[PDB]
């Protein structure tokens, strides 16, 4: 029906998890320089980000069917699950920011 809509420069919105992972990647392979040799590889395959931190292990950040969308598999802090609260990604278990976590775990790996 509504002709007035489809004459706009329309676009489908992004998956809100997709927006974060893309932002995470470039803000991680820019951080893959300030490694001594300690955060060698970042790779976003196809909705799956893999991070290698040889001190801790292999990270897996994952885009997941609901019951809340972003999946953390940390070889240090274990698994966790995140969805939107007020625009940042938040743990279903305790309420901790996803960003805040790999902030610590990366800046510990660089330090140690």
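Numbering follows the first chain given and starts at 1.
The stretch with the higher mean CA B factor, choosing between 43-51 and 66-74, is 43-51. The deposited model assigns a higher average Cα B-factor to 34-42 than to the other stretch when 34-42 and 57-65 are compared. Ranked against the other modelled residues of its chain, the C-alpha B-factor of residue 11 as given in the entry falls in the lowest third. When the modelled residues of the chain are ordered by their C-alpha B factor, residue 22 lands in the middle third.
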